[PDB]
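> For now just these chains, pulled out of the complex without moving them:
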Amino acid sequence: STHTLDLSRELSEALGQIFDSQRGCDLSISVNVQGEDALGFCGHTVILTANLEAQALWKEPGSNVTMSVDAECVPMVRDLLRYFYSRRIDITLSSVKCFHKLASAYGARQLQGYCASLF
């Protein structure tokens, strides 16, 4: 009797693209690299607070957060933050070390255990 229309497969890229746009943000994320603010991004608290992986970024709208990362892991930060939206992430043997360090530091427990397996 019940029929379901299911277009939820579109959600991962719809949310990923919200991050990519950097429009309508309500959270500022500064990326500290050995004492200096090397990178910046903005976030959407409505999306981030719905995700247990992004608990380090659970703040009220209008807030500012500071992340600290090592120079070698800078090219992986954008991918980590997009993963908090899309809930999808591509990991290689050359990036596993950095994603394990980032996930441990920010308590993204699903990603942390996934990288640990690949070590």
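Perfect, I can see it now. Residues are numbered from 1 along each chain as shown, chains lettered A, B, ... in the order given.

> What's the separation between the spatially most central residue of chain A and residue A:65?
By C-alpha atoms, centre = their mean, chain A has its centre lying nearest to residue A:81, at 2.2 Å. Per C-beta to C-beta, to the nearest Å, residue A:81 is found 11 Å from residue A:65. The C-beta positions use only the backbone N, C-alpha and C, and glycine is treated the same way.

> any residues in contact with both of those two?
Counting by C-beta atoms under 8 Å, 6 or more residues apart in numbering, the shared contacts of residue A:81 and residue A:65 are A:29, A:43.

> returning to that earlier point: who touches the residue nearest to the centre of chain A in this structure?
A:19, A:29, A:41, A:43.

> Find the pair from these with maximum spatial separation.
By the measure C-beta to C-beta, A:19 and A:29 form the most distant pair in those, at 10.9 Å.

> here's chain B, add it to the model above:
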Amino acid sequence: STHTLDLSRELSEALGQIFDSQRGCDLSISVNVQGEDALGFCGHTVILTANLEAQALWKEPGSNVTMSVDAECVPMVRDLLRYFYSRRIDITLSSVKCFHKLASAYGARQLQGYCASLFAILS
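That brings us to chain B, laid onto the chains above:
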């Protein structure tokens, strides 16, 4: 050699629960029945503007929108709005006509096509 961690199966209910909570809204939706404001909901423009199905609700934060619906279709409005978040919707023979009317009037084109096809299957 690439390995993909994919937890996107959680997205539908994570977004559905944002609508259910009615917290952190930036859009007011009034449902008008026969000239009177019968019921109300609040929305999240960050989620709605990312969805082509939710076109009729593409507004700037702080806006107020009014939806006119027939009295018989009032029990279906919550499910239509939740569908704009979750991208999942349950349709029965007793609800198909109301979802087809709502989808047509508000331009939810994927749902409109689905109701039209489902009706041919059920009857």
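
> quick one on the thing from earlier: how near is the residue nearest to the centre of chain A to chain B?
The gap separating residue A:81 from chain B is 15 Å, by C-beta to the nearest C-beta, to the nearest Å.

> go on, residue A:66?
For residue A:66, the distance to chain B equals 23 Å [C-beta to the nearest C-beta].

> for chain B, what are the nearby residues on chain A?
Contact residues, chain A versus chain B (C-beta under 8 Å from any C-beta of the partner chain): A:1-12, A:14-15, A:17-18, A:24, A:44-47, A:49-51, A:53, A:61, A:86-93, A:110-111, A:114, A:118.

> Now that we have these, which of them are buried?
Neighbour counting by 16 or more other C-beta atoms under 10 Å in any protein chain shown classes A:3, A:5, A:7-8, A:10-12, A:14-15, A:18, A:24, A:44-47, A:49-51, A:53, A:86-89, A:91, A:110-111, A:114 among the residues of chain A next to chain B as buried.
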